[PDB]
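All remarks here apply to the structure that follows.
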DNA sequence: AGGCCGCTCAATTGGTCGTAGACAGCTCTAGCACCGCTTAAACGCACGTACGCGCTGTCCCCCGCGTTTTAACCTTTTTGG
């Protein structure tokens, strides 16, 4: 871990990415924008891939491997206005010195989202048939997210 | 001693008066009620350190438990032929 002061670390990261020749033209299977987390609290974009989950935030990007997701909880809040989706991750996520073994996402129950998966028809049939839907209709965001997480991590939703 | 009459003073009976307060009716203030707009305050959160607390150490003055100090009682024997 490097600390690069000044307004400079983002340009250094871009230049390191170009020179290290990291895998390019990455095709997220599905993205979810503006998800309000509670632990830690932040508006993260969730991009899902075949082997890994990415959390993009204003100050912190996290890459979680699908194997490191131990458990998925889908729990209604007692306010009857919100729904919690909770990920247990091992090893626990780090933000400086603090660790987050649980990621707590908070959805509105009335929030509906329509999402098409970015998959070829051959790859869908061979790998994801009966695990994921090709298109999700206008259903509650937390249900679509919980099903996508179940299909990609092969973990049971509690 | 024991029981009964007289009395005295304080609670209660009897009767008398004046007003305090109940009742009604009226006014109108202010208390509730809502609505819109502003923004400082609250809040959620992150981060770090200082302070509260558990642990170690030292001292007091009680004590258990022991080794040691010193005294008194018992025992044994007093040449050979």
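Because the Cβ atoms are built from the backbone with ideal geometry, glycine has one as well, and the counts that use them run over all protein chains shown. Every number here is computed from the coordinates shown, using simple stated rules; none is lab data.
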For residue A:109, the lone unmet condition from (1) away from DNA strand B (no atom under 16 Å from the Cβ); (2) farther than 17 Å from residue A:152 by Cα; (3) exposed (fewer than 14 other Cβ atoms within 10 Å of the Cβ) is (3)
Reported set for region A:136-153 where residues are in a helix (DSSP H, G or I) and surrounded by fewer than 17 Cβ atoms within 10 Å (Cβ to Cβ) is A:150
Among (1) surrounded by fewer than 14 Cβ atoms within 10 Å (Cβ to Cβ); (2) over 18 Å from residue A:26 (Cα atoms); (3) over 17 Å from the mean Cα position of the chain (by Cα), residue A:133 falls short only on (1)
Out of curiosity, is residue A:49 out of contact with any strand residue (DSSP E or B) (no Cβ under 8 Å at 6 or more places or on another chain) and under 15 Å from residue A:151 (Cβ atoms)?
yes
Could you tell me how many of the residues in region A:40-63 are exposed (fewer than 15 other Cβ atoms within 10 Å of the Cβ), within 14 Å of DNA strand B (Cβ to nearest atom) and in a strand (DSSP E or B)?
2
Residue among A:93, A:84 that alone is within 14 Å of DNA strand B (Cβ to nearest atom), closer than 17 Å to residue A:40 by Cβ and touching a helix residue (DSSP H, G or I) at 6+ places or on another chain (Cβ under 9 Å):
A:84
Selected residue [surrounded by fewer than 17 Cβ atoms within 10 Å (Cβ to Cβ), part of a helix (DSSP H, G or I) and more than 16 Å from DNA strand B (Cβ to nearest atom)] from A:122, A:114:
A:122
Residue selected from region A:23-39 under the condition in a loop (DSSP other than H, G, I, E, B) and either within 11 Å of the chain's Cα centre (by Cα) or surrounded by 14 or more Cβ atoms within 10 Å (Cβ to Cβ) (or both), by the criterion nearest to DNA strand B (Cβ to nearest atom):
A:28
